[PDB]
Structures are given as structure tokens and as C-alpha cells.
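Novice: Input: one structure, supplied below.
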Protein chains: 2
Amino acid sequence: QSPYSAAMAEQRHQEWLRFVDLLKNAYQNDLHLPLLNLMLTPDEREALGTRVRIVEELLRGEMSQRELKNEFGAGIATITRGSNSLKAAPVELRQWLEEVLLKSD
Amino acid sequence: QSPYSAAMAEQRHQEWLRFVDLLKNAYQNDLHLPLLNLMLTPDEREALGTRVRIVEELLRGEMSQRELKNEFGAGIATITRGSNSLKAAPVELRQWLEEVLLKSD
């Protein structure tokens, strides 16, 4: 799989791992300080911390109908956001939270 | 710093590390498969792979004027995107690419 030139994108799906590997390597080396500022964004830090609360309130009993009605009406787009249920294993996600919550406390 | 209750957000800036630590821990344990699907987005994978090329073309000589004129005119918003130059150490970012490029090849 080496057509002489390799600085382009045979399928373009390799640049995704290159970014996941560089970022993954940046989150482990802590040298992403610079990329953290360029990456540091408002809507990003908002949507990020937003998911942390959404999932938290979810188990709490506030998936969105609590304070998520002025952003659409009542989880009319966020609750059914075009995502993957069994195609992504939700029990797998609840399992990770189940590991940090059932850790040992 | 423990006002009895701690399941809220004294400053709300701790939920950012909790997400960076969970994600950082998810990128190292590879168990983020589920979060990868919920996180797997189109504009995200596009903007991500987009930065990989932008920075690449940047050193190549195509910061944006090459194929970045229909998205605004010619890097009129992306080239000056509200970011932090010396407040984030750009030479620090070029240093990281300088480590993966001057690695040993």
C-alpha cells in the first residue's frame, strides 16, 4: 500500500487517527498546551461541560425536559439527536460511568 | 474546600478537567468506543481533519487563499479566527510538529 507518494490521503480516513494519535499523545504528554488554547473554545467548553451535566442529570431524572425547552422546546432535537443507539452500545457508555461510579466509594 | 455538598460545581471549571480526564482516560484505555460514536460527528471529523490539512498546507504554502475563498472570501474569518497568538505560544505548536517532523526520518 505505498504508491510512491504518501503525503496526501489514500482514503482520508488515516488523517483521523493521525489527529486522534497526536491529540491522544498530546493529552498524555501534556504538551498540547498550545493545541489546548487553539482548541480551547467557548461553544466547545460549553457543549463539553454540557454533556457532562446532560448525562449526569439523565441518571438524576433531568434528561432535558427540566431546563432544555428554550433551546428547541423540550429535547425535541437533542433527545433524539441523530446518533447511534445499539449501533454504538449505550450499555457500553453506561458501563464506563458505572466503573467511575462503582469504583470504590 | 468541602462545603458538605460537592455534587454541583463550586466554580464549574472542575467539570472541564473531569471531562478531559475521563476523555484522556478514555483515549488511553480505548474504552471510549461508545463515547467515540456519540462524539463521532460529521462537522467534527470535518473540522478536525480540516485543521490537519490547514496546518499542513500552512507549511506547504496554502494557509487558505488556495481553496478557502468560498467559505468566506479568502481566510477573512478563519485566518484571523479569534484565537491567541503569543497568549498561547504558537512557536510551541510549531515545536510539536517540529518533533513529529524532525523525529528521525
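Identifiers in this document derive from the order of the C-alpha cells: chains are assigned A, B, ..., residues are numbered from 1 separately in each chain, and ligands are numbered from 1 in order of occurrence.
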Excluding region 6-21 of chain A and its own-chain neighbours fewer than 5 positions away, which residues fall within 10 Å of it when counting only C-alpha atoms? Please give them as a list in words.

Specialist: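 My list of contacting residues is residues 1, 26 and 27 of chain A; 27, 45, 46, 48, 49, 50, 51, 52, 53 and 56 of chain B.
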
Novice: With only C-alpha atoms as the counted atoms, please give the residues lying no more than 12 Å from residue 82 (chain A), apart from itself and same-chain residues fewer than 6 positions off, as a PyMOL selection string.

Specialist: (chain A and resi 76) or (chain B and resi 37-42)

Novice: Would you list the contacts of residue 100 (chain B) as a PyMOL selection string, taking every protein, DNA or RNA residue within 12 Å and counting only C-alpha atoms, but skipping same-chain residues closer than 2 positions in sequence?

Specialist: (chain A and resi 18+21-22+25-26) or (chain B and resi 93-98+102-105)

Novice: Grab the CA of residue 73 (chain A) to CA of residue 61 (chain A) distance for me, in Å with one decimal place.

Specialist: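 Taking CA of residue 73 (chain A) as the start and CA of residue 61 (chain A) as the end point, the length is 17.7 Å.
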
Novice: One decimal, Å: what's the distance from CA of residue 87 (chain B) over to CA of residue 31 (chain A), could you say?

Specialist: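 Answer for the CA of residue 87 (chain B) to CA of residue 31 (chain A) separation: 15.5 Å.
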
Novice: I need the residues in chain B that are helix (DSSP H, G or I) according to DSSP; give them as a PyMOL selection string.

Specialist: chain B and resi 14-29+33-39+42-60+90-101

Novice: One decimal, Å: what's the distance from CA of residue 34 (chain B) over to CA of residue 88 (chain A), could you say?

Specialist: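 Between these atoms lies a distance of 5.4 Å.
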